[PDB]
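[1] quick one, structure for this:
(chains A and B)
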Amino acid sequence: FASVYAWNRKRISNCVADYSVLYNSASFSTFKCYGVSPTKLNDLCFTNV
Amino acid sequence: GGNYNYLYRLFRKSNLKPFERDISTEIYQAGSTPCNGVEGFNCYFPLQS
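    Numbering: from 1, shown residues only, chains lettered A, B, ... in the order given. Provided below are the atomic coordinates:
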């Protein structure tokens, strides 16, 4: 990964990815989101990410 | 008045019937797969002052 002052950005679109396959993974220190439901993300469509 | 004597009960997924009494002051935990993939985690105190 890049540095904190020069982080990289990429464009992602027209994808079909499941958020449940990563929520259940225990390799993350913590998974807390502001106003975004981890469970219902599987039934959400977004313009871009 | 009391600095931390007023609290609200943070909760979800169990929409309640209007005009009913809740006295079950229990810390929210699941002990199954939908809580950090293990038992005993995601045990956050629902009441926020």
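[2] who's in contact with residue B:34?
    Residues in contact with residue B:34 (C-beta atoms under 8 Å, 6 or more residues apart in numbering or on different chains) are residue A:39. Using the backbone N, CA and C atoms, a C-beta is placed for each residue, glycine as well.
[3] again, 10 Å this time
    A:20, A:23, A:24, A:38, A:39, B:13, B:42 (C-beta atoms under 10 Å, 6 or more residues apart in numbering or on different chains).
[4] ok, for residue A:19, nearest residue in space, not its chain neighbours?
    The shortest distance from residue A:19 to any non-neighbouring residue, by C-beta to C-beta, 6 or more residues apart in numbering or on different chains, is to residue A:41 (3.8 Å).
[5] look up how far residue B:37 lies from residue A:27.
    10 Å (C-beta to C-beta, to the nearest Å).
[6] and chain B, which residues reach chain A?
    Contact residues, chain B versus chain A (C-beta under 10 Å from any C-beta of the partner chain): B:12, B:13, B:33, B:34, B:36, B:37, B:38, B:41, B:42, B:44.
[7] related to what we said a few turns ago, of all the contacts of residue B:34, which two lie farthest apart?
    A:24 and B:13 (17.0 Å; C-beta to C-beta).
[8] show me what residue of chain B gets nearest to chain A.
    Closest residue of chain B to chain A, C-beta to the nearest C-beta: residue B:37 (4.9 Å).
[9] helix/strand/coil for that residue?
    The three-state assignment at residue B:37 reads coil, by DSSP: H, G, I helix; E, B strand; the rest coil.
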